[PDB]
$ cat my_file17.pdb   # PDB, C-alpha atoms
ATOM      1  CA  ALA A   1      13.528 -19.626  -4.078
ATOM      2  CA  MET A   2      11.511 -16.447  -3.590
ATOM      3  CA  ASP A   3      13.493 -13.337  -4.473
ATOM      4  CA  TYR A   4      14.022 -10.886  -7.303
ATOM      5  CA  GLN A   5      17.314 -10.393  -9.089
ATOM      6  CA  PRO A   6      17.534  -7.847 -11.931
ATOM      7  CA  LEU A   7      19.716  -8.460 -14.968
ATOM      8  CA  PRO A   8      22.535  -5.880 -15.144
ATOM      9  CA  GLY A   9      22.571  -4.758 -18.753
ATOM     10  CA  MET A  10      19.400  -6.508 -19.855
ATOM     11  CA  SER A  11      16.382  -4.192 -19.521
ATOM     12  CA  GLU A  12      16.006  -1.691 -16.679
ATOM     13  CA  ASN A  13      12.247  -2.324 -16.493
ATOM     14  CA  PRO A  14       9.616   0.343 -15.563
ATOM     15  CA  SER A  15      10.096   0.429 -11.780
ATOM     16  CA  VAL A  16      10.967  -3.106 -10.678
ATOM     17  CA  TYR A  17      14.699  -3.246 -11.434
ATOM     18  CA  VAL A  18      15.379  -2.450  -7.792
ATOM     19  CA  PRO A  19      15.520  -5.635  -5.666
ATOM     20  CA  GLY A  20      13.423  -4.903  -2.636
ATOM     21  CA  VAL A  21      11.249  -2.517  -4.663
ATOM     22  CA  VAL A  22       9.422   0.028  -2.472
ATOM     23  CA  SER A  23      11.481   0.869   0.598
ATOM     24  CA  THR A  24      10.631  -1.378   3.540
ATOM     25  CA  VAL A  25      11.372   1.562   5.806
ATOM     26  CA  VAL A  26       9.330   4.649   4.939
ATOM     27  CA  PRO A  27      11.137   7.993   5.522
ATOM     28  CA  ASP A  28       8.981  10.302   7.635
ATOM     29  CA  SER A  29       7.273  12.828   5.395
ATOM     30  CA  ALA A  30       3.868  14.468   4.945
ATOM     31  CA  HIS A  31       2.956  12.117   2.082
ATOM     32  CA  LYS A  32       3.070   9.119   4.424
ATOM     33  CA  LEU A  33      -0.203   7.252   4.585
ATOM     34  CA  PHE A  34      -1.286   5.221   7.576
ATOM     35  CA  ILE A  35      -3.452   2.185   6.906
ATOM     36  CA  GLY A  36      -5.158   0.767   9.964
ATOM     37  CA  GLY A  37      -7.510  -2.164  10.254
ATOM     38  CA  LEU A  38      -5.823  -4.372   7.689
ATOM     39  CA  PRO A  39      -5.774  -8.205   7.893
ATOM     40  CA  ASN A  40      -2.891  -9.468  10.025
ATOM     41  CA  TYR A  41      -2.150 -11.987   7.284
ATOM     42  CA  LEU A  42      -1.431  -9.274   4.705
ATOM     43  CA  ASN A  43       2.066  -7.818   4.558
ATOM     44  CA  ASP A  44       3.607  -5.001   2.502
ATOM     45  CA  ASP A  45       4.059  -6.955  -0.744
ATOM     46  CA  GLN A  46       0.506  -8.267  -0.632
ATOM     47  CA  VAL A  47      -1.072  -4.936   0.252
ATOM     48  CA  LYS A  48       0.931  -3.246  -2.531
ATOM     49  CA  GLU A  49      -1.534  -4.545  -5.111
ATOM     50  CA  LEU A  50      -4.314  -2.737  -3.255
ATOM     51  CA  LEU A  51      -2.522   0.559  -2.634
ATOM     52  CA  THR A  52      -0.388   0.851  -5.785
ATOM     53  CA  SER A  53      -3.582   0.497  -7.827
ATOM     54  CA  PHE A  54      -4.294   4.183  -7.222
ATOM     55  CA  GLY A  55      -0.784   5.434  -7.905
ATOM     56  CA  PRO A  56       2.973   4.681  -7.924
ATOM     57  CA  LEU A  57       4.286   3.684  -4.500
ATOM     58  CA  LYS A  58       7.760   4.568  -3.216
ATOM     59  CA  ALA A  59       7.913   2.806   0.147
ATOM     60  CA  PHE A  60       5.860   0.401   2.244
ATOM     61  CA  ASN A  61       6.458  -0.294   5.939
ATOM     62  CA  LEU A  62       3.950  -2.583   7.630
ATOM     63  CA  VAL A  63       3.798  -2.703  11.410
ATOM     64  CA  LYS A  64       5.110  -6.204  11.975
ATOM     65  CA  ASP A  65       4.968  -7.992  15.306
ATOM     66  CA  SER A  66       8.453  -8.762  16.578
ATOM     67  CA  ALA A  67       7.218 -11.547  18.866
ATOM     68  CA  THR A  68       5.982 -14.118  16.359
ATOM     69  CA  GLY A  69       6.323 -12.159  13.130
ATOM     70  CA  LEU A  70       2.970 -11.199  11.635
ATOM     71  CA  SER A  71       1.274  -7.960  10.623
ATOM     72  CA  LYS A  72       0.014  -5.927  13.581
ATOM     73  CA  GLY A  73      -2.892  -4.729  11.486
ATOM     74  CA  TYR A  74      -1.451  -1.384  10.410
ATOM     75  CA  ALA A  75       0.910  -0.167   7.713
ATOM     76  CA  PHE A  76       2.712   2.975   6.618
ATOM     77  CA  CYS A  77       3.351   3.762   2.969
ATOM     78  CA  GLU A  78       4.297   6.699   0.784
ATOM     79  CA  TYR A  79       3.368   7.503  -2.797
ATOM     80  CA  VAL A  80       6.244   8.778  -4.914
ATOM     81  CA  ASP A  81       3.595  10.912  -6.558
ATOM     82  CA  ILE A  82       3.294  13.312  -3.608
ATOM     83  CA  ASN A  83       0.288  14.866  -5.389
ATOM     84  CA  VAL A  84      -1.556  11.548  -5.645
ATOM     85  CA  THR A  85      -1.448  11.286  -1.838
ATOM     86  CA  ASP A  86      -4.511  13.521  -1.400
ATOM     87  CA  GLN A  87      -6.494  11.682  -4.066
ATOM     88  CA  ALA A  88      -5.437   8.174  -3.110
ATOM     89  CA  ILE A  89      -6.113   8.673   0.590
ATOM     90  CA  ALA A  90      -9.530  10.088  -0.314
ATOM     91  CA  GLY A  91     -10.305   7.025  -2.393
ATOM     92  CA  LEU A  92      -8.658   4.399  -0.189
ATOM     93  CA  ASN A  93      -9.967   5.565   3.205
ATOM     94  CA  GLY A  94     -12.698   3.129   4.130
ATOM     95  CA  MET A  95     -11.545   0.625   1.501
ATOM     96  CA  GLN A  96     -14.013  -2.192   2.041
ATOM     97  CA  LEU A  97     -12.720  -5.557   0.845
ATOM     98  CA  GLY A  98     -15.226  -8.284   1.570
ATOM     99  CA  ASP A  99     -15.815  -8.097   5.309
ATOM    100  CA  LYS A 100     -12.829  -5.925   6.227
ATOM    101  CA  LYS A 101     -12.372  -2.208   5.584
ATOM    102  CA  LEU A 102      -9.170  -0.246   6.079
ATOM    103  CA  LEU A 103      -8.786   3.149   7.700
ATOM    104  CA  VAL A 104      -6.416   5.163   5.549
ATOM    105  CA  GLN A 105      -5.359   8.368   7.230
ATOM    106  CA  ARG A 106      -2.248  10.545   7.187
ATOM    107  CA  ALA A 107       0.594   9.650   9.512
ATOM    108  CA  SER A 108       2.487  12.853   8.684
ATOM    109  CA  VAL A 109       5.496  12.085  10.914
ATOM    110  CA  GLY A 110       3.226  11.172  13.813
ATOM    111  CA  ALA A 111       1.059  14.253  13.416
ATOM    112  CA  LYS A 112      -2.282  13.118  14.801
ATOM    113  CA  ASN A 113      -3.816  10.836  12.158
ATOM    114  CA  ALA A 114      -7.049  12.313  10.745
ATOM    115  CA  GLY A 115      -6.796  15.066  13.340
ATOM    116  CA  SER A 116     -10.075  14.305  15.098
ATOM    117  CA  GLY A 117     -10.360  17.750  16.636
ATOM    118  CA  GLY A 118      -9.190  20.852  14.821
ATOM    119  CA  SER A 119      -6.190  19.194  13.204
ATOM    120  CA  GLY A 120      -8.405  17.322  10.761
ATOM    121  CA  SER A 121     -10.291  20.024   8.916
ATOM    122  CA  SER A 122     -10.051  22.295   5.850
ATOM    123  CA  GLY A 123     -10.691  19.297   3.620
ATOM    124  CA  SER A 124     -14.451  18.825   3.753
ATOM    125  CA  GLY A 125     -14.830  19.350   0.029
ATOM    126  CA  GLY A 126     -12.904  19.996  -3.155
ATOM    127  CA  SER A 127     -12.093  16.312  -3.476
ATOM    128  CA  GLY A 128     -14.584  15.417  -6.179
ATOM    129  CA  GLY A 129     -13.057  15.935  -9.590
ATOM    130  CA  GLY A 130      -9.473  15.026  -8.843
ATOM    131  CA  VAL A 131     -10.101  11.656  -7.225
ATOM    132  CA  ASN A 132     -10.407   8.732  -9.627
ATOM    133  CA  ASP A 133     -13.264   6.872  -7.951
ATOM    134  CA  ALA A 134     -12.504   3.446  -9.380
ATOM    135  CA  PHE A 135     -12.438   1.690  -6.031
ATOM    136  CA  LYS A 136     -14.534  -0.875  -7.890
ATOM    137  CA  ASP A 137     -11.571  -1.745 -10.101
ATOM    138  CA  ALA A 138      -9.241  -1.585  -7.122
ATOM    139  CA  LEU A 139     -11.575  -3.819  -5.100
ATOM    140  CA  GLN A 140     -11.839  -6.457  -7.821
ATOM    141  CA  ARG A 141      -8.084  -6.318  -8.376
ATOM    142  CA  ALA A 142      -7.239  -6.556  -4.683
ATOM    143  CA  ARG A 143      -9.726  -9.295  -3.816
ATOM    144  CA  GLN A 144      -8.833 -11.412  -6.864
ATOM    145  CA  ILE A 145      -5.121 -11.064  -6.129
ATOM    146  CA  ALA A 146      -5.757 -11.863  -2.464
ATOM    147  CA  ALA A 147      -7.512 -14.984  -3.727
ATOM    148  CA  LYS A 148      -4.673 -15.534  -6.216
ATOM    149  CA  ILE A 149      -2.175 -15.571  -3.346
ATOM    150  CA  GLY A 150      -4.703 -17.688  -1.502
ATOM    151  CA  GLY A 151      -4.685 -15.463   1.531
ATOM    152  CA  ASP A 152      -0.957 -15.816   2.181
ATOM    153  CA  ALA A 153      -0.555 -19.237   0.580
ATOM    154  CA  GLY A 154       1.623 -18.414  -2.385
ATOM    155  CA  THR A 155       3.013 -15.511  -4.369
ATOM    156  CA  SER A 156       2.179 -13.087  -7.172
ATOM    157  CA  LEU A 157       5.707 -11.903  -7.917
ATOM    158  CA  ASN A 158       5.596 -12.571 -11.654
ATOM    159  CA  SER A 159       8.849 -10.858 -12.564
ATOM    160  CA  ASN A 160      10.470 -12.600 -15.526
TER     161      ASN A 160
END
$ encode --input "my_file17.pdb" --output "C-alpha cells"
Amino acid sequence: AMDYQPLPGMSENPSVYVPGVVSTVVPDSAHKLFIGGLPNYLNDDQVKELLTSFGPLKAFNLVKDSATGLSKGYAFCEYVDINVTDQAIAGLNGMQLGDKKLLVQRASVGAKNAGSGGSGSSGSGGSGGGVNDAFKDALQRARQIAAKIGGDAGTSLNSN
C-alpha cells in the first residue's frame, strides 16, 4: 500500500490534504520551471524534496518515457508562489548534487528556455538580495533524502 488518503473532518493539514498533492499536469504559465539533466531514476515525488525546499510547489510534471516508464531526464514544475519563481530558479539553476547538476530554466509555455540569444537577457543582475542562497541546506536535504529513499528503493511519504 503506497497512497495518501486524507481524513474528512479530522485535520485539513498545511498543504497535504489533497491526495495527489502538486498537480501531475502543470498548466502552461510563465512561472513554469524546466529542469533538465536530472537523474532518470528520480520522478516528481522524489524531486519535490529538492525543488520545494526553496518554496511552495503547486504542480510537478516530469517528462516520463511512455515506452518503459522512467524519467526522461527533464521535468516541469510551477511554484504557487509566482514571485518565488525568479528567486528559486536563480538558486536552483546549476543545482549540483554529487556528480549530477540540473539545468533549471524557464519553460514559459514553450518560450525558448533560457533564451540563448536575445530572449534571455535583462536579468544579468539584481538577483542578489532576494535570493536565499541556502543551496547548501537544499543540497544536504536533497542528497540525504535521496539516500533515505535509497535512490528509488523506498519512500519518504511520512503522512500520518
$ residues_around --input "my_file17.pdb" --residues "residue 41 in chain A" --least-positions-apart "2" --cutoff "7 Å" --atoms "only C-alpha atoms" --output "short mmCIF file (atom, residue, chain, number, x, y, z; two decimals) with C-alpha atoms, in the frame of the given file"
data_model
loop_
_atom_site.label_atom_id
_atom_site.label_comp_id
_atom_site.auth_asym_id
_atom_site.auth_seq_id
_atom_site.Cartn_x
_atom_site.Cartn_y
_atom_site.Cartn_z
CA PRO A 39 -5.77 -8.20 7.89
CA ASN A 43 2.07 -7.82 4.56
CA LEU A 70 2.97 -11.20 11.64
CA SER A 71 1.27 -7.96 10.62
CA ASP A 152 -0.96 -15.82 2.18
#
$ residues_around --input "my_file17.pdb" --residues "residue 30 in chain A" --least-positions-apart "6" --cutoff "10 Å" --atoms "all atoms listed in the file" --output "list in words"
residues 78, 82, 85, 106, 107, 108, 109, 110 and 111 of chain A
$ atom_distance --input "my_file17.pdb" --atom1 "CA of residue 145 in chain A" --atom2 "CA of residue 49 in chain A"
7.5 Å
$ atom_distance --input "my_file17.pdb" --atom1 "CA of residue 44 in chain A" --atom2 "CA of residue 59 in chain A"
9.2 Å
$ residues_around --input "my_file17.pdb" --residues "residue 47 in chain A" --least-positions-apart "5" --cutoff "9 Å" --atoms "all atoms listed in the file" --output "compact mmCIF listing (two decimals) with C-alpha atoms, in the coordinates of the input"
# COMPACT_ATOMS: atom_id res chain seq x y z
CA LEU A 38 -5.82 -4.37 7.69
CA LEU A 42 -1.43 -9.27 4.70
CA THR A 52 -0.39 0.85 -5.78
CA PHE A 60 5.86 0.40 2.24
CA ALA A 142 -7.24 -6.56 -4.68
CA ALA A 146 -5.76 -11.86 -2.46
$ residues_around --input "my_file17.pdb" --residues "range 90-99 of chain A" --least-positions-apart "5" --cutoff "7 Å" --atoms "all atoms listed in the file" --output "PDB file with C-alpha atoms, in the frame of the given file"
ATOM      1  CA  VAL A 104      -6.416   5.163   5.549  1.00  0.00           C
ATOM      2  CA  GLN A 105      -5.359   8.368   7.230  1.00  0.00           C
ATOM      3  CA  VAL A 131     -10.101  11.656  -7.225  1.00  0.00           C
ATOM      4  CA  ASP A 133     -13.264   6.872  -7.951  1.00  0.00           C
ATOM      5  CA  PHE A 135     -12.438   1.690  -6.031  1.00  0.00           C
ATOM      6  CA  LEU A 139     -11.575  -3.819  -5.100  1.00  0.00           C
ATOM      7  CA  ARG A 143      -9.726  -9.295  -3.816  1.00  0.00           C
TER       8      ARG A 143
END
$ residues_around --input "my_file17.pdb" --residues "residue 123 in chain A" --least-positions-apart "3" --cutoff "12 Å" --atoms "all atoms listed in the file" --output "list in words"
residues 86, 87, 89, 90, 114, 115, 118, 119, 120, 126, 127 and 128 of chain A
$ write_last_selection --input "my_file17.pdb" --atoms "C-alpha atoms" --output "short mmCIF file (atom, residue, chain, number, x, y, z; two decimals), in the coordinates of the input"
data_model
loop_
_atom_site.label_atom_id
_atom_site.label_comp_id
_atom_site.auth_asym_id
_atom_site.auth_seq_id
_atom_site.Cartn_x
_atom_site.Cartn_y
_atom_site.Cartn_z
CA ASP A 86 -4.51 13.52 -1.40
CA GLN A 87 -6.49 11.68 -4.07
CA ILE A 89 -6.11 8.67 0.59
CA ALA A 90 -9.53 10.09 -0.31
CA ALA A 114 -7.05 12.31 10.74
CA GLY A 115 -6.80 15.07 13.34
CA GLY A 118 -9.19 20.85 14.82
CA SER A 119 -6.19 19.19 13.20
CA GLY A 120 -8.40 17.32 10.76
CA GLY A 126 -12.90 20.00 -3.16
CA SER A 127 -12.09 16.31 -3.48
CA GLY A 128 -14.58 15.42 -6.18
#
$ closest_residue --input "my_file17.pdb" --among "A:134, A:21, A:7, A:26" --to "residue 50 in chain A" --atoms "all atoms listed in the file"
A:134
$ resolve_selection --input "my_file17.pdb" --expression "the PyMOL selection byres ((chain A and resi 81) around 8)" --output "PDB file with C-alpha atoms, keeping the file's coordinate frame"
ATOM      1  CA  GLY A  55      -0.784   5.434  -7.905  1.00  0.00           C
ATOM      2  CA  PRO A  56       2.973   4.681  -7.924  1.00  0.00           C
ATOM      3  CA  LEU A  57       4.286   3.684  -4.500  1.00  0.00           C
ATOM      4  CA  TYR A  79       3.368   7.503  -2.797  1.00  0.00           C
ATOM      5  CA  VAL A  80       6.244   8.778  -4.914  1.00  0.00           C
ATOM      6  CA  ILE A  82       3.294  13.312  -3.608  1.00  0.00           C
ATOM      7  CA  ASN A  83       0.288  14.866  -5.389  1.00  0.00           C
ATOM      8  CA  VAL A  84      -1.556  11.548  -5.645  1.00  0.00           C
ATOM      9  CA  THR A  85      -1.448  11.286  -1.838  1.00  0.00           C
TER      10      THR A  85
END
$ closest_residue --input "my_file17.pdb" --among "A:10, A:77, A:153, A:33" --to "residue 112 in chain A" --atoms "all atoms listed in the file"
A:33
$ resolve_selection --input "my_file17.pdb" --expression "the PyMOL selection byres ((chain A and resi 159) around 12)" --output "VMD selection string"
chain A and resid 2 to 7 13 to 19 21 155 to 158 160
$ atom_distance --input "my_file17.pdb" --atom1 "CA of residue 138 in chain A" --atom2 "CA of residue 53 in chain A"
6.1 Å
$ residues_near_point --input "my_file17.pdb" --point "(-4.1, -1.7, 8.4)" --cutoff "9 Å" --atoms "only C-alpha atoms" --output "tab-separated table (two decimals) with C-alpha atoms, in the frame of the given file"
chain	number	residue	atom	x	y	z
A	34	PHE	CA	-1.29	5.22	7.58
A	35	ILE	CA	-3.45	2.18	6.91
A	36	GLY	CA	-5.16	0.77	9.96
A	37	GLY	CA	-7.51	-2.16	10.25
A	38	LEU	CA	-5.82	-4.37	7.69
A	39	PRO	CA	-5.77	-8.20	7.89
A	40	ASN	CA	-2.89	-9.47	10.02
A	42	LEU	CA	-1.43	-9.27	4.70
A	62	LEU	CA	3.95	-2.58	7.63
A	63	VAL	CA	3.80	-2.70	11.41
A	71	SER	CA	1.27	-7.96	10.62
A	72	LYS	CA	0.01	-5.93	13.58
A	73	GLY	CA	-2.89	-4.73	11.49
A	74	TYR	CA	-1.45	-1.38	10.41
A	75	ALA	CA	0.91	-0.17	7.71
A	76	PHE	CA	2.71	2.98	6.62
A	101	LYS	CA	-12.37	-2.21	5.58
A	102	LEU	CA	-9.17	-0.25	6.08
A	103	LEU	CA	-8.79	3.15	7.70
A	104	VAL	CA	-6.42	5.16	5.55
$ axis_aligned_box --input "my_file17.pdb" --around "range 113-129 of chain A" --padding-each-side "6 Å" --output "AutoDock Vina command-line options"
--center_x -9.3 --center_y 16.6 --center_z 3.5 --size_x 23.0 --size_y 23.5 --size_z 38.2
$ closest_residue --input "my_file17.pdb" --among "A:136, A:141, A:58, A:48" --to "residue 29 in chain A" --atoms "all atoms listed in the file"
A:58
$ decode --input "my_file17.pdb" --residues "range 47-83 of chain A" --atoms "N, CA and C atoms" --output "PDB file, in the first residue's frame"
ATOM      1  N   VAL A  47      11.815  14.382  -6.582  1.00  0.00           N
ATOM      2  CA  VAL A  47      12.466  15.645  -6.892  1.00  0.00           C
ATOM      3  C   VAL A  47      11.818  16.792  -6.108  1.00  0.00           C
ATOM      4  N   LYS A  48      10.573  16.580  -5.673  1.00  0.00           N
ATOM      5  CA  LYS A  48       9.857  17.566  -4.862  1.00  0.00           C
ATOM      6  C   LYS A  48      10.702  18.057  -3.696  1.00  0.00           C
ATOM      7  N   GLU A  49      11.363  17.133  -3.015  1.00  0.00           N
ATOM      8  CA  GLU A  49      12.128  17.463  -1.821  1.00  0.00           C
ATOM      9  C   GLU A  49      13.310  18.375  -2.149  1.00  0.00           C
ATOM     10  N   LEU A  50      13.724  18.375  -3.407  1.00  0.00           N
ATOM     11  CA  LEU A  50      14.802  19.243  -3.851  1.00  0.00           C
ATOM     12  C   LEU A  50      14.255  20.612  -4.237  1.00  0.00           C
ATOM     13  N   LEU A  51      13.154  20.620  -4.973  1.00  0.00           N
ATOM     14  CA  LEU A  51      12.598  21.865  -5.504  1.00  0.00           C
ATOM     15  C   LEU A  51      11.754  22.619  -4.474  1.00  0.00           C
ATOM     16  N   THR A  52      10.948  21.899  -3.710  1.00  0.00           N
ATOM     17  CA  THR A  52      10.039  22.528  -2.751  1.00  0.00           C
ATOM     18  C   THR A  52      10.813  23.142  -1.580  1.00  0.00           C
ATOM     19  N   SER A  53      12.093  22.805  -1.482  1.00  0.00           N
ATOM     20  CA  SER A  53      12.941  23.325  -0.419  1.00  0.00           C
ATOM     21  C   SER A  53      13.068  24.846  -0.516  1.00  0.00           C
ATOM     22  N   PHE A  54      12.946  25.376  -1.730  1.00  0.00           N
ATOM     23  CA  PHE A  54      13.120  26.804  -1.945  1.00  0.00           C
ATOM     24  C   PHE A  54      11.794  27.543  -1.773  1.00  0.00           C
ATOM     25  N   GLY A  55      10.693  26.860  -2.048  1.00  0.00           N
ATOM     26  CA  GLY A  55       9.393  27.486  -1.939  1.00  0.00           C
ATOM     27  C   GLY A  55       8.261  26.504  -2.158  1.00  0.00           C
ATOM     28  N   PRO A  56       7.015  26.914  -1.882  1.00  0.00           N
ATOM     29  CA  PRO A  56       5.841  26.052  -2.043  1.00  0.00           C
ATOM     30  C   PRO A  56       5.547  25.730  -3.509  1.00  0.00           C
ATOM     31  N   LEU A  57       5.395  24.447  -3.800  1.00  0.00           N
ATOM     32  CA  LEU A  57       5.184  23.987  -5.164  1.00  0.00           C
ATOM     33  C   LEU A  57       3.701  23.717  -5.405  1.00  0.00           C
ATOM     34  N   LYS A  58       3.222  24.038  -6.603  1.00  0.00           N
ATOM     35  CA  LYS A  58       1.818  23.830  -6.939  1.00  0.00           C
ATOM     36  C   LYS A  58       1.638  22.582  -7.803  1.00  0.00           C
ATOM     37  N   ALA A  59       2.527  22.395  -8.766  1.00  0.00           N
ATOM     38  CA  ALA A  59       2.411  21.280  -9.692  1.00  0.00           C
ATOM     39  C   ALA A  59       3.777  20.782 -10.131  1.00  0.00           C
ATOM     40  N   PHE A  60       3.850  19.493 -10.446  1.00  0.00           N
ATOM     41  CA  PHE A  60       5.092  18.864 -10.864  1.00  0.00           C
ATOM     42  C   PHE A  60       4.804  17.815 -11.941  1.00  0.00           C
ATOM     43  N   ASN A  61       5.298  18.066 -13.141  1.00  0.00           N
ATOM     44  CA  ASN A  61       5.121  17.156 -14.266  1.00  0.00           C
ATOM     45  C   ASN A  61       6.477  16.748 -14.830  1.00  0.00           C
ATOM     46  N   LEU A  62       6.918  15.544 -14.506  1.00  0.00           N
ATOM     47  CA  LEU A  62       8.173  15.041 -15.041  1.00  0.00           C
ATOM     48  C   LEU A  62       7.946  14.480 -16.436  1.00  0.00           C
ATOM     49  N   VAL A  63       8.928  14.633 -17.312  1.00  0.00           N
ATOM     50  CA  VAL A  63       8.854  14.000 -18.616  1.00  0.00           C
ATOM     51  C   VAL A  63       9.113  12.516 -18.430  1.00  0.00           C
ATOM     52  N   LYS A  64       8.075  11.709 -18.540  1.00  0.00           N
ATOM     53  CA  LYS A  64       8.217  10.284 -18.314  1.00  0.00           C
ATOM     54  C   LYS A  64       8.116   9.526 -19.625  1.00  0.00           C
ATOM     55  N   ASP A  65       9.039   8.601 -19.810  1.00  0.00           N
ATOM     56  CA  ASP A  65       9.098   7.774 -21.004  1.00  0.00           C
ATOM     57  C   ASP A  65       7.903   6.836 -21.057  1.00  0.00           C
ATOM     58  N   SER A  66       7.193   6.852 -22.171  1.00  0.00           N
ATOM     59  CA  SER A  66       5.989   6.051 -22.316  1.00  0.00           C
ATOM     60  C   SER A  66       6.314   4.623 -22.761  1.00  0.00           C
ATOM     61  N   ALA A  67       7.565   4.382 -23.143  1.00  0.00           N
ATOM     62  CA  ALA A  67       7.959   3.069 -23.638  1.00  0.00           C
ATOM     63  C   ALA A  67       8.122   2.076 -22.493  1.00  0.00           C
ATOM     64  N   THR A  68       8.989   2.399 -21.544  1.00  0.00           N
ATOM     65  CA  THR A  68       9.245   1.504 -20.426  1.00  0.00           C
ATOM     66  C   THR A  68       8.769   2.115 -19.105  1.00  0.00           C
ATOM     67  N   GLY A  69       8.728   3.441 -19.049  1.00  0.00           N
ATOM     68  CA  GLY A  69       8.156   4.113 -17.898  1.00  0.00           C
ATOM     69  C   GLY A  69       9.185   4.602 -16.897  1.00  0.00           C
ATOM     70  N   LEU A  70      10.132   5.412 -17.348  1.00  0.00           N
ATOM     71  CA  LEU A  70      11.075   6.049 -16.436  1.00  0.00           C
ATOM     72  C   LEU A  70      11.193   7.525 -16.782  1.00  0.00           C
ATOM     73  N   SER A  71      11.878   8.285 -15.945  1.00  0.00           N
ATOM     74  CA  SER A  71      12.068   9.701 -16.204  1.00  0.00           C
ATOM     75  C   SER A  71      12.968   9.889 -17.423  1.00  0.00           C
ATOM     76  N   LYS A  72      12.609  10.839 -18.274  1.00  0.00           N
ATOM     77  CA  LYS A  72      13.370  11.124 -19.484  1.00  0.00           C
ATOM     78  C   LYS A  72      14.565  12.014 -19.178  1.00  0.00           C
ATOM     79  N   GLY A  73      14.615  12.521 -17.957  1.00  0.00           N
ATOM     80  CA  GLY A  73      15.732  13.350 -17.552  1.00  0.00           C
ATOM     81  C   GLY A  73      15.372  14.818 -17.449  1.00  0.00           C
ATOM     82  N   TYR A  74      14.101  15.137 -17.670  1.00  0.00           N
ATOM     83  CA  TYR A  74      13.634  16.515 -17.561  1.00  0.00           C
ATOM     84  C   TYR A  74      12.317  16.559 -16.801  1.00  0.00           C
ATOM     85  N   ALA A  75      12.011  17.711 -16.230  1.00  0.00           N
ATOM     86  CA  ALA A  75      10.763  17.897 -15.516  1.00  0.00           C
ATOM     87  C   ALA A  75      10.272  19.331 -15.625  1.00  0.00           C
ATOM     88  N   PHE A  76       8.966  19.494 -15.521  1.00  0.00           N
ATOM     89  CA  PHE A  76       8.343  20.805 -15.483  1.00  0.00           C
ATOM     90  C   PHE A  76       7.615  20.966 -14.160  1.00  0.00           C
ATOM     91  N   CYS A  77       7.763  22.110 -13.529  1.00  0.00           N
ATOM     92  CA  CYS A  77       7.096  22.351 -12.259  1.00  0.00           C
ATOM     93  C   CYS A  77       6.741  23.820 -12.128  1.00  0.00           C
ATOM     94  N   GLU A  78       5.766  24.124 -11.293  1.00  0.00           N
ATOM     95  CA  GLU A  78       5.398  25.506 -11.051  1.00  0.00           C
ATOM     96  C   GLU A  78       5.291  25.783  -9.556  1.00  0.00           C
ATOM     97  N   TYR A  79       5.875  26.888  -9.124  1.00  0.00           N
ATOM     98  CA  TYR A  79       5.691  27.354  -7.760  1.00  0.00           C
ATOM     99  C   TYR A  79       4.362  28.083  -7.650  1.00  0.00           C
ATOM    100  N   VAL A  80       3.609  27.800  -6.593  1.00  0.00           N
ATOM    101  CA  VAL A  80       2.386  28.544  -6.331  1.00  0.00           C
ATOM    102  C   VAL A  80       2.744  29.991  -6.009  1.00  0.00           C
ATOM    103  N   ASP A  81       3.881  30.166  -5.355  1.00  0.00           N
ATOM    104  CA  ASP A  81       4.405  31.494  -5.109  1.00  0.00           C
ATOM    105  C   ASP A  81       5.060  32.011  -6.382  1.00  0.00           C
ATOM    106  N   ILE A  82       4.240  32.544  -7.283  1.00  0.00           N
ATOM    107  CA  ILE A  82       4.708  33.080  -8.565  1.00  0.00           C
ATOM    108  C   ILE A  82       5.917  34.016  -8.421  1.00  0.00           C
ATOM    109  N   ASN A  83       6.052  34.654  -7.266  1.00  0.00           N
ATOM    110  CA  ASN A  83       7.153  35.584  -7.022  1.00  0.00           C
ATOM    111  C   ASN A  83       8.445  34.821  -6.765  1.00  0.00           C
TER     112      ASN A  83
END
